[PDB]
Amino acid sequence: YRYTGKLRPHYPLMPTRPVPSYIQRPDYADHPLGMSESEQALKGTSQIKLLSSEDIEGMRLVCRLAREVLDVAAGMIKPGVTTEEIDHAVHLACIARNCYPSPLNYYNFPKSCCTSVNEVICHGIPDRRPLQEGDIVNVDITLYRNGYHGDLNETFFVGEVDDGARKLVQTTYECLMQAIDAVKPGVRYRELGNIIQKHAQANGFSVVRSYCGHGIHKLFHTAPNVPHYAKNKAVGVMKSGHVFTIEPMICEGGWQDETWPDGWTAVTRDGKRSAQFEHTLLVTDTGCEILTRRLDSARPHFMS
């Protein structure tokens, strides 16, 4: 394998962490390949669920607990902390909230969250690498409570970063927020990619095509598919009651990705940096409710 940049995996990984059996588990948790039979049963469908009141309440709770766990991870971001150490804290913070960490064994993903540094676009596997001053690192958290998943991520700076890191991260967060600002009933899912690509291209960045936002509720990934690039052909129109994520991945270089031999870590094929942000959204009559927002602070962590 020819690495595309300076990052390397740092092995061995710690043994898989158990979740106590008192925590309710999603269907894939005990499937030997991590497959989710409830997702597979819906595979080739474009139909979108209209959430009940009870469903909305379940989504509000799990998304609120997921933001609390991202904040725990945010507080740990400093030089010399390993991504494994972050994952261990996240795994304990999920169990403290009586939640299962949704990534753990999802299609055999081996950890409780994803930690993506620099050229990693997404799905990086927490490991023994200590964070370096100048890194950008994204932590992506998903929790499962009472049958509902809630998903969010932010990119953080490790100590002092360079101007290019600051622009990429800011522009990425602005792409997510301009897309959220357009959400309201009657809007097509395919329009959000136009908004995102327009702002990314104005700042000299590209938009990852291989990875997308998604419906989420009782399934971790379900309709709709939500591409982040322009002129995509995604199916569907927003309606009040729909819940989905928007999670754009924006890159310094070209948009092309490839995956490491571990089968999960997605990296820029040019080795340049990529950043991401994610929220879980509910469509409401006035626009949308950002279920994974912060409640006690105005800005994402990178701005403090």
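Position 1 is the first residue in the sequence shown; the rest follow in order.
Stretch comparison (61-69 versus 231-239) by mean CA B-factor in the PDB entry places 231-239 on top.
The deposited model assigns a higher average Cα B-factor to 219-227 than to the other stretch when 219-227 and 104-112 are compared. Within the listed group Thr259, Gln47, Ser274, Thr245, the record reports its top CA B-factor for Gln47. Among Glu160, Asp140, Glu174, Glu119, the highest C-alpha B-factor in the deposited entry belongs to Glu160. Sort the modelled residues of the chain by CA B factor and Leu291 lands in the lowest third.
When the modelled residues of the chain are ordered by C-alpha B-factor, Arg129 sits in the middle third.
Per the deposited record, the Cα B-factor of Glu278 falls in the lowest third when ranked against the other modelled residues of its chain. Per-chain ranking of the deposited C-alpha B factor places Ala89 in the middle third. Per-chain ranking of the deposited C-alpha B factor places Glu191 in the highest third.
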